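Have a look below at one chain only, the form deposited in one PDB entry, in structure tokens format.
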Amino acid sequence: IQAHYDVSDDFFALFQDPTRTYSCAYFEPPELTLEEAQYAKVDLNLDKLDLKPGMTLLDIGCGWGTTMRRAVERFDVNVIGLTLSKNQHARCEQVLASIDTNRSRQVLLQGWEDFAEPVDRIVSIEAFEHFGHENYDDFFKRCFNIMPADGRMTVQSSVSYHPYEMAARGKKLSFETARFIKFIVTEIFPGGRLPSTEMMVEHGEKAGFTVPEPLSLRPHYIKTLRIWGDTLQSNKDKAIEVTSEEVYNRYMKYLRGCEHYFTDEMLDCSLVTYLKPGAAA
């Protein structure tokens, strides 16, 4: 049933930047191109992890390998990537083999559940919404236990508010936003579940992590979703013939919809840092 919502990588290519990054860009400075801003977002994440030469970085949901490659090139670190996409696995192996380094580069076709190797630092960019509510305790325990005393993790995730907080903005918008979230979790990311920032923070604390004030990327996702929407819209004919009018309509609704609800502050995007007790000052 969810398989009906499986879409070819070719489609995403028609609205994403050349890196094919499927997550919030970081427009600092404001007038970066989408491509440059996707690199700036990778740097935002990596710059919080206190990476030193010879450390191993684990990337949970390593995508097309852009984060891992930047990490090797900027920080001279070993990398391990986890992905569930064969196509992403293939791309990543070739991206990493392409790098002129002596550092260990490994990509694994598996989830974090199956990963139990010591690593120094963890990065996870918009993979966490594709886990499940009941999995969050196990995820933070795993991350805590596989890292040394000075371990750090960043998790970037799209975020909803608890029904109670949404009701604070009036019942009309709340029920309306609840149904749009349902649509995303059914047809865009089937079986997904949007966490709250509060959940991301408190599950981290329960596992023993120090969690500073999460960074909001709301304004950067608005700009990202606007460019994605405009780009998909300009490639409508091309997009339709690669999939269907059904799929184009679905994704235009997704992109225009998120832009709207991010603007109305019924959705957020959180970059949460998790510091182990022995993390550097």
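Throughout, we count residues from 1 along the sequence that is shown.
The next section is about a form of this same protein that is not shown, the form deposited with a small molecule bound.
Among 113, 202, 73, 150, which has any heavy atom within 4.5 Å of the small molecule in the deposited bound form?
Answer to the contact question: 113.
Going by heavy atom distances of 4.5 angstroms or less, which of 57, 217, 239, 60 would be at the interface with the small molecule in the deposited bound form?
Looking at the other structure, the residue within range turns out to be 60.
Closest heavy atom of residue 84 to the small molecule in the deposited bound form, within 4.5 Å or not?
Residue 84 belongs to the contact set for the small molecule.
Residue 130 versus the small molecule, in the deposited bound form: is there a non-hydrogen atom within 4.5 Å?
Yes, residue 130 is a contact residue.
Counting only heavy atoms and a 4.5 Å cutoff, which of 207 to 215, 167 to 175, 130 to 138, 98 to 106 contacts the small molecule in the deposited bound form?
Result of the contact check: 130 to 138.
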